[PDB]
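Let me begin by presenting the structure, written as structure tokens, before commenting on it.
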Amino acid sequence: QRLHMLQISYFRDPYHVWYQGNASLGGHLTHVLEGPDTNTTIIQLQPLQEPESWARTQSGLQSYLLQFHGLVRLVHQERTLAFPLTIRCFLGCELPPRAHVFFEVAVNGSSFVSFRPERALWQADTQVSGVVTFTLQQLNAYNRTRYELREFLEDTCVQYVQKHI
Ligand SMILES: *[C@@H]1O[C@H](CO)[C@@H](O)[C@H](O)[C@H]1NC(C)=O
Ligand SMILES: *[C@@H]1O[C@H](CO)[C@@H](O)[C@H](O)[C@H]1NC(C)=O
């Protein structure tokens with residue numbers, strides 16, 4: 001009983017990103033993400049959700065991506081980022097027979113930061129940089145990247161597993 005979500009973001013520069021990703025419910029592929037930031041495709045492969053719910057979910061994913069891209073631009077604006085770069089986000093929730101939730105971020109294929117939900121705080125996952133410290137400062141500064149995210153993992157994700165498995 002798990003929802004896993006995987007997003008790879010290909011940045012050619014701060015202002016143009018290509019997304020590719022998918023989600024799996026149980027061990028079954030259920031969603032696909034693809035395309036540039038200015039017109040991203042998001043598909044449920046199986047008709048799991050009704051339109052009013054899918055629209056809210058689709059809108060919610062699109063809103064996340066805007067925040068995600070906005071944060072990458074801010075980090076570039078404030079520290080110098082080396083392009084091209086790829087970012088991988090791996091996240092989701094698992095229901096035991098209380099849910100366990102996670103969100104792990106990698107840059108160019110190496111561990112970068114992850115979310116610790118008991119305090120809704122992000123931590124470094126590498127032992128090596130000004131980029132890492134500024135990103136964590138930004139992620140830990142705003143309600144949207146701590147408490148709203150924790151709720152998405154602990155409430156929205158968990159209700160999706162209960163309703164659709
Ligand atoms: C999901 O995307 C990853 C990353 O590109 C890919 O390696 C994997 O084969 C995809 N899996 C599914 C089930 O779509
Ligand atoms: C990521 O890898 C590309 C490919 O070599 C490189 O040009 C770029 O500088 C790297 N960026 C980071 C942030 O490691």
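Just one of the numbered conditions (1) within 16 Å of ligand 1 (Cβ to nearest atom); (2) under 30 Å from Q49 (Cα atoms) is not true of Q159: (1). Of all the residues in the range 8-29, those that are under 16 Å from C93 (Cα atoms) and either within 16 Å of ligand 2 (Cβ to nearest atom) or touching a helix residue (DSSP H, G or I) at 6+ places or on another chain (Cβ under 8 Å) (or both) number 1.
With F103, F68 as the choices, which residue is among the aromatic types (F, W, Y), closer than 21 Å to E118 by Cα, crowded, with 16+ Cβ neighbours inside 10 Å and under 10 Å from the mean Cα position of the chain (by Cα)? Can you show your working first?
Numbers: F68 fails: closer than 21 Å to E118 by Cα.
The unique qualifying residue is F103.
For the range 71-94, the candidate set comprises residues that are of a type in the set (A, V, I, L, M) and within 16 Å of ligand 1 (Cβ to nearest atom); within that set, the residue that is surrounded by the fewest Cβ atoms within 10 Å (Cβ to Cβ) is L85. Restricting attention to the range 80-109, the residues that are within 25 Å of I165 (Cβ to Cβ) and part of a loop (DSSP other than H, G, I, E, B) add up to 5. For the structure I just gave you, tell me whether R150 is surrounded by fewer than 18 Cβ atoms within 10 Å (Cβ to Cβ), away from ligand 1 (no atom under 16 Å from the Cβ) and among the charged types (D, E, K, R). The answer is no for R150. I'd like the residue in the range 55-102 that is within 16 Å of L149 (Cα to Cα) and aromatic (F, W, Y) and, out of all such residues, is nearest to ligand 2 (Cβ to nearest atom). Going through the qualifying residues, I end up with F68. Look at (1) over 12 Å from the mean Cα position of the chain (by Cα); (2) within 19 Å of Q20 (Cβ to Cβ); (3) small (G, A, S) and you find that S59 fails only one, number (2).
Just to be sure, is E118 under 30 Å from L48 (Cβ atoms) and either among the small types (G, A, S) or over 12 Å from the mean Cα position of the chain (by Cα) (or both)? The answer is yes for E118. Residues in the range 6-20 that are within 11 Å of ligand 1 (Cβ to nearest atom) and surrounded by fewer than 20 Cβ atoms within 10 Å (Cβ to Cβ): 4 in all. Counting only strands (runs of 3 or more DSSP E) wholly contained in the range 1-79, the ones carrying 3 or more residues that are β-branched (V, I, T) occupy 41-44. Residues in the range 127-165 that are of a type in the set (V, I, T), in a helix (DSSP H, G or I) and closer than 14 Å to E94 by Cα: 3 in all.
Read-outs throughout are calculated quantities, based only on the coordinates presented, and are distinct from any laboratory measurement. Counting neighbours? That spans all protein chains shown, and the Cβs are built from the backbone with ideal geometry, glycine included.
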